[PDB]
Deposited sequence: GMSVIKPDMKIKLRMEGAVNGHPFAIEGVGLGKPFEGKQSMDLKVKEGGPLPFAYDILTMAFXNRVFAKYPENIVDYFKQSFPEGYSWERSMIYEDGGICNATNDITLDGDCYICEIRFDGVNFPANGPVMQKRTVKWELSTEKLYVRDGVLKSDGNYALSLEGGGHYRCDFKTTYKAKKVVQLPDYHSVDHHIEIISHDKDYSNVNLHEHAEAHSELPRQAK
């Protein structure tokens, strides 16, 4: 509790590859852990202009920024100052698959995030490589306990240019770096949005709003 403040800073770096194309992105941000809101400025440092849709990256760019009611255990605010890491697979319906990890530490009032992101098998004719995505729809993450850690699933969808949706299945494992109380089964609704961007998304402002529920 005492380590989590109403306003806290974010620093992150992402390294990765999509279809073998390497890149690196750094971010600085700000968030309100109790109101479940955060914003960040992201700059592509290497591998730009990115030849794939930026939207496959945005949910990789921290569940401490989610509004939790008093009747649901908060795995994430419990884990600090030591922090926690996660592991995630994102399986798109045309066979592209992204794996990603994130190690989250706290230094003072600033979350430090190291992200590895690796996607493969995106077809050259598909919405990702041709940059035909518009936005993520509202995403409901379902969290449950297995083997003493916290897992989650999600059936998410990107709306496309010209209509229709592009489905992706998310599978996440969360691992706190210290012993914490484990929550019951519950949900978190996420709204993610690219607020601003330049010509080739070398500069992007990203916003997220997340709230937890269980009834």
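Going by the record, the unmodelled stretches of the deposited sequence, in order, are 1, 63, 218-223.
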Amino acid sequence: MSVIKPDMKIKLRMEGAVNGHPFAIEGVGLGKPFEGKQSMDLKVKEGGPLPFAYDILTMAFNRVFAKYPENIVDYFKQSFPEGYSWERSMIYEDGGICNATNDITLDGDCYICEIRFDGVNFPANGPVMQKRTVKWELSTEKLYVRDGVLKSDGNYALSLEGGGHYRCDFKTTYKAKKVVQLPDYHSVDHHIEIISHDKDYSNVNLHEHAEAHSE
From here on, numbers count along this sequence of modelled residues.
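Look at the mean CA B-factor for 95-103 and for 69-77 in the entry; the higher one is 69-77. Look at the C-alpha B-factors of 168-176 and of 37-45. On average they run higher in 37-45.
Sorting 141, 87, 118, 109 by the CA temperature factor given in the entry leaves 109 at the top. Across 26, 161, 189, 153, the greatest Cα temperature factor reported in the deposited entry is at 161. Residue 15 sits in the lowest third of its chain by CA B factor, as recorded in the PDB entry. Residue-level temperature factors show residue 194 in the lowest third of its chain, judged at the C-alpha atom.
In the PDB entry, a CA B factor belonging to the highest third of its chain's modelled residues is recorded for residue 124.
Residue 55: CA B factor lies in the lowest third for its chain, per the PDB record. When all modelled residues of the chain are sorted by CA temperature factor, residue 211 is found within the middle third.
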